[PDB]
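Quick heads-up: it's one chain on its own, the form deposited in one PDB entry, in structure tokens.
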């Protein structure tokens, strides 16, 4: 009799139906006789009879729906069980604290070779299943870790990598994380350790399914962050790790000081992540006035001083010499001093500019650290060469300085990524297991080119998810005559074409703008609207529900898979160009420093189209491998433990598409094998009476002899299909070792008598 009915903050609440009206149900909340509220008939769901129980796989629920799913993960979360299955898909709720021993070496060992369901749900079981599928099917595998910023994608990606390398190695793949995170992660409002780049990390295996090396693909490092941040945000961790942790010798050589002294850090938060202990390890001369007044930033994982130590240890472990370490730090410090170069108006009509006299020291330090001549640097930042050397206005000089800073830092990041790939190389491999960790769909009050690229990425991945989970899965069920109720989806090719089609897509129109004599963000935006007047996915910013005052040539709205996003198109042309102007390129290419020249070993390189090419290569890998999915869930917006915000979690469950596939998964068949392959594996061990049976009939005798329930599996036209929660039963049927095969044949022989 009790049901789940809507609740504004908990998502659902328990109640009893006490009346029915047109389109409504009257609900009495539990243990509150007399009190009532109305709910739409389709927003009321059956509840599990036992409200205290929890199940490891949501498919085991008597009534699987969005409400019972929410309650089951809630009960598990109150007991620190953050991992729950939906058949072979994993739900991971961020605990926001370290749960003791769940990632231990002992826990890792306990998951090795274990079937899904034989051990409690865990990221390790997903990793082991990808490994087992890889080895048995001789097919490379992808593990996709999805969810909102702060949901736990990066942490779960590292758990998979640690599990695989520790279990199936003979390490560097794991130790390369502090390095990438130092240069590509930053404090944002939603995540103190936010990934500002996307990654696909492959672990390569030889014929014996032993680790031989790895390969990291990196995407869309956020360049805007390099120069300015909001007051609650920080630049890349490296800057603060270096300021907090560098020895006095390095501090002096790099002319470092407290973060408030650098324009590239001082618009953001200048406080370090530290605790009572690590704060005493940070020297007084590193601490900003705001750090001395407000104290440290708190986090259970991040510690700028401790992380600096751990990163240097990781650099040593991966094979980076102290010379390369110092070369990386010199570039980082050079970028900081570059940001301190200021300009003032010059010329009777303020048509030009000069370096401010107070910027003298910053110019000297920058040029020394980057191996540049101070005059060439001064000239390149304050004039532009034309087909004549003409003065730059203050705003243009600020742009030239920032363009150089962003390019040098992005090239430094590309070098670090390439350097980690060079630390675990392999000549050949038989298969890989790849883990995808890329930011999901997002929107803010102001949406720029970075959001456009990430949301574009998510449209393409959402299509891959629909194709793998819905299209291909159901086509197999249908081809096999399984009679599974069809779950449909509306394809998003029109939204993808709008962004990426040759010539007419937004990316090609943007590149067209970058190649024009006088590039303009308004001319680009007008050309988008002028080319896609009929397109339902596109509209002017005046049609939004702040966007009322945005002009038609000042933005566009894209109706995405997860909602309409209004993009402000200012800086779109600038952000789309990955190349430095020739004057700045020449300057850095001609550095006296070999390391600097090696970073750089009409000037226009399309960011949009470079990303489209990278994403297509990633999609080629995903489409050619088996796929496993981890859905990370952020429990609240406060980074706090034991605070399950029901309505916020329900919203993620709905927006992720999880709720839409519940019936398909529960009524699905994730495990399958042909009657022919099963028959052929057992054949040599069969007596005449068994071999004479047609493959399908031997399979029936095998399953009946083992006591397999007619409910547990279903026979297709050519394959046997096993249901969720039957992974252990299917793996025992599939196990190929001679002793196991001979034993099951003896069981069938005995059963037949």
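In this text, the rigid core denotes the largest set of C-alpha atoms whose superposition between the two forms falls within 1.5 Å. Positions refer to the first chain, counted from 1.
Omitted from view is the form deposited in another entry, to which the following refers.
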ask   = Which residue, 472, 322, 395, 373, is displaced 2 Å or more at the Cα between the shown form and the other one after superposing the core?
value = 472
task = Using a rigid core alignment, state whether the CA of residue 639 is displaced by 2 Å or more between the shown form and the other one.
result = no
query = Has the Cα of residue 133 moved 2 Å or more between the shown form and the other one, judged after a core fit?
reply = no
inquiry  = So, superposing on the core, is the move of residue 673 at the CA at least 2 angstroms between the shown form and the other one?
reply    = yes
ask   = Did residue 674 and residue 126 drift closer or farther in the other form, going by a CA distance change of 3 angstroms or more?
value = closer
message = Knowing the shift is 3 Å or more, I'd like to know if the C-alpha atoms of residue 126 and residue 676 are closer or farther apart in the other form than in the shown chain.
response = closer
